[PDB]
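Visitor: There's a structure below that I have some questions on.
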Amino acid sequence: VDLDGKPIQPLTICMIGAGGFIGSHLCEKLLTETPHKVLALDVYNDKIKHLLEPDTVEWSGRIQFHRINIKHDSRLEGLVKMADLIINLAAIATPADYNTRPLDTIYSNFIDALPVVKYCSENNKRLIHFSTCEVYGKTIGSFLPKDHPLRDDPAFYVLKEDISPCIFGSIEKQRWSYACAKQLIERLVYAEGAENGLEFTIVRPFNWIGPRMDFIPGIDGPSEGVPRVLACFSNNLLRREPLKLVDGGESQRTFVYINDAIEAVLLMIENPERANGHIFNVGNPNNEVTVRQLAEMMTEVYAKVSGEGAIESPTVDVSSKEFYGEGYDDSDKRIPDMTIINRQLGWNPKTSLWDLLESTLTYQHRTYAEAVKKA
Amino acid sequence: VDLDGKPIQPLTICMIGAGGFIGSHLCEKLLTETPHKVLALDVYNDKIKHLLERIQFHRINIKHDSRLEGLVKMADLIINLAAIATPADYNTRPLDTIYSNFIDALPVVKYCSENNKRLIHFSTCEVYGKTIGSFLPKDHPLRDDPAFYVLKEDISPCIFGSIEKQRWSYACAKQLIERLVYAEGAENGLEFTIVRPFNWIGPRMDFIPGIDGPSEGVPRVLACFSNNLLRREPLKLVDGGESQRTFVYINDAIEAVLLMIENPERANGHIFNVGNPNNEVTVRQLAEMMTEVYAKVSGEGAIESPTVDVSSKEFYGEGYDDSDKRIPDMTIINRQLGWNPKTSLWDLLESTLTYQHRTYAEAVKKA
Ligand SMILES: O=C(O)[C@H]1O[C@H](OP(=O)(O)OP(=O)(O)OC[C@H]2O[C@@H](n3ccc(=O)[nH]c3=O)[C@H](O)[C@@H]2O)[C@H](O)[C@@H](O)[C@@H]1O
Ligand SMILES: O=C(O)[C@H]1O[C@H](OP(=O)(O)OP(=O)(O)OC[C@H]2O[C@@H](n3ccc(=O)[nH]c3=O)[C@H](O)[C@@H]2O)[C@H](O)[C@@H](O)[C@@H]1O
């Protein structure tokens, strides 16, 4: 039964990038908590093998992998035509190669999505596009003098979806390649919703954290790979190295437990009366920390989870030239405004930062420790 | 002879959107002041008809025309002006705007990089969008620090409205194309230069509605106010015309572009603000100043109230938002090409409105 009060008609859902971090967890909540049928499209299925017929036949029927690459594969339009609802996760989304493979980044996050949008509008299918909190980029507050009082006015850091600006660095700062592409795709989807009648919903994850995020370098992922902080630190703690802090890890972020976030997405799927039209911050404003804090807190939790204790210095500073490369720039403070999502879907994040790290690092320890020993 | 000191080897130049406002004036400076050969590509040639009986029109639409890649290969240097650039239909045809300013340019960029041709892409000062200063409280002292309103090309941010503010459709597309061109210059070896016009003003800009274009069309402020003065109506000021802009005489600007063409040792790599920081006014001021000049130029005098306020809902439509203050920086351009705008605002309006009066007045009477 939906929020409006109506009963929930089941759906065939075309999920693109469904073998990803967010994809995989979504498949789980859909299978376990709902009637819906999933078409899982991705180039890899590693993270959903545990749910495919070969590894199990408990969900034979209601999920179907299709190894497709949407860059060029005729098969796609038909697969879309096959479903009632398309969810597009398929994207390069590691900051690491926004300034290093800027063309592939732009093509990934803008160009390769356009077809998906063509087909949804043509065939009158509903679209859920996954954008990012990086679309807001920098916080107006960030340009005020150090410790200027205006920084304390929420006016200057809260990121409201209907009115806060999209602020990026100059062109030479190639990290914004990703954000600018995401901005344009949102603008296009919104328009297509306006010029044409596209039913759509756009999701801006603020730093979703849980298992399967990215990869541990050398194990599941590569050796010279560079993921996103959770994965990065995770590796540091497992390998018993210190945690590399980029320019002293003074940026801030707000982390939300992946489970909390998936509930949000579900509410959107099942209440199109209230999600069609809108853009949604999915984040947990209460779990804010600096990156240095995330690191400290993660070492503490990890010691709890591991048994094994501290490290001499558990962190170290490193220049962004050294770490990220040439044209790095950074989002300074993500704090989601929860008026729109709260009003439309009644959503709120239940889970604490400490709690979600206890959860996530136990998954990390139980998965990667016998492995990282044999290496 | 170039700035570096070298002599200038002549060039075949592929100019796309060459029958446009900027296109047309460029063809003139190339023909009259230089050795270069021009390939003029456009769907329309109306504004180059006068100089058409070293220049070769090709009625080509770049959206889909095989002919293009060969035309590009035909030249040494490509200049891409071809773009929807009227604020009017950024919030009203957002798809066509985005496709125009991002997607349709991509092929041009494919061919230039593939075939090792030099590219000059015309972007815009909108790419900066809003000034950081715009978010400080009314009359907050920090607004006076140039830190908060000058738009430096290598470091100032691109600040746009939320998504629902569809005017930024245009700016975001232009931003991404710049980012891609710059990326292609980095990942691949593309020789390129990007131009950010700040409000270039002069002769064949846009159209007069009902004479040079659609009766219900809506161009840029020069053309809009030009029509108001010619038709003897008041000048419609959008939300009291309190935004500011800096206008540069079209002739001054074209000199800049030429310097870039003829001095690749200094222009390859860079992004350039072409504007004239000294000619800043609010829109209300531009209107006042234009009515004054026009009275001078026309003979005919004032109007009772010569302006009137109008809501942007009423004027521009649904998702309008606005660049608040353009004031270009010039350190880069000035350092690379030695360029500076000679011409005054009043002077350039005396010039432009005399062209307007001599062109549109017998016409507007007969209507
Ligand atoms: O998960 C998200 O919601 C967002 O995460 C990333 O953006 P970001 O958070 O800036 O980048 P991360 O690499 O996760 O790290 C956060 C910040 O911590 C720092 N960091 C990261 C990694 C590390 O090992 N050390 C470190 O100090 C950097 O400032 C980095 O920008 C993606 O760019 C967005 O697409 C995505 O929506
Ligand atoms: O000339 C430029 O360099 C830029 O001009 C336009 O941007 P913009 O200046 O915002 O818009 P205009 O319609 O030219 O008018 C400027 C402002 O004057 C006001 N206006 C305009 C017209 C009118 O009749 N009345 C009026 O009050 C509005 O604030 C309007 O945005 C384009 O957005 C840019 O592509 C271009 O590079």
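All chain B residue numbers match Swiss-Prot; in order, they span 8-60, 69-382.
Cβ atoms here come from the backbone N, Cα and C positions, even for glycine.
The NAD(+) binding site annotation in Swiss-Prot covers B:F28, B:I29, B:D49, B:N76, B:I77, B:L96, B:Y185, B:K189, B:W215, B:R235 and rests on experimental evidence. Sequence annotations record features per position, and here Swiss-Prot assigns UDP-alpha-D-glucuronate binding site to B:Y105, B:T139, B:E141, B:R182, B:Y185, B:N214, B:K251, B:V253, B:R260, B:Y331, B:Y335, B:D337, B:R341. As annotated by Swiss-Prot, active site, proton acceptor applies to B:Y185.
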Visitor: Cα-Cα separation of B:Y335 (UDP-alpha-D-glucuronate binding site) and B:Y185 (NAD(+) binding site), in Å?
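Guide: About 12 Å separate the Cα atoms of these two residues.
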Visitor: Give the subset of the binding-site residues B:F28, B:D49, B:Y105, B:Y335, B:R341 lying near ligand 2, defined as CB under 6 A from any of its atoms.
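Guide: With ligand 2 as the reference and 6 Å as the Cβ limit, the list is empty: none.
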Visitor: Using only C-alpha positions, which one of B:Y105, B:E141, B:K251, B:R341 is spatially nearest B:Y185 (NAD(+) binding site)? These are the binding-site residues in the record.
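Guide: Result for B:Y185 (NAD(+) binding site): the nearest of the binding-site residues is B:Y105.
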Visitor: Given a separation of at least six residues and a C-beta threshold under 8 Å, show me what packs close to B:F28 (NAD(+) binding site) in the same chain.
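Guide: Residues satisfying the criterion: B:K54, B:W215, B:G217, B:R219, B:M220, B:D221, B:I265.
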Visitor: Between B:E60 and B:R69 there are 8 residues with no coordinates; how far apart are their CA atoms in Å?
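Guide: With 8 residues absent from the model, the flanking Cα atoms are 12 Å apart.
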Visitor: With NAD(+) as the bound species and B:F28, B:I29, B:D49, B:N76, B:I77, B:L96, B:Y185, B:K189, B:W215, B:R235 as its recorded binding residues, calculate the greatest Cα-Cα distance and give it in Å as a whole number.
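Guide: About 25 Å separates the two most distant Cα atoms.
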Visitor: Would you kindly give the Cα-Cα distance separating B:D49 (NAD(+) binding site) and B:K251 (UDP-alpha-D-glucuronate binding site), rounded to the nearest Å?
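Guide: With distance taken Cα to Cα, B:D49 (NAD(+) binding site) is 32 Å from B:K251 (UDP-alpha-D-glucuronate binding site).
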Visitor: If you run the three-state DSSP split on B:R341 (UDP-alpha-D-glucuronate binding site), which class comes out?
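Guide: DSSP assigns B:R341 (UDP-alpha-D-glucuronate binding site) to coil.
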Visitor: To the nearest Å, how far is the Cα of B:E141 (UDP-alpha-D-glucuronate binding site) from the Cα of B:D49 (NAD(+) binding site)?
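Guide: Given the Cα positions, B:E141 (UDP-alpha-D-glucuronate binding site) is 24 Å from B:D49 (NAD(+) binding site).
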Visitor: Can you tell which of B:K251, B:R260, B:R341 has the least company, meaning the fewest other C-beta atoms within 10 angstroms of its C-beta, among these binding-site residues?
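Guide: Least crowded of the binding-site residues B:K251, B:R260, B:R341, by Cβ count within 10 Å, is B:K251.
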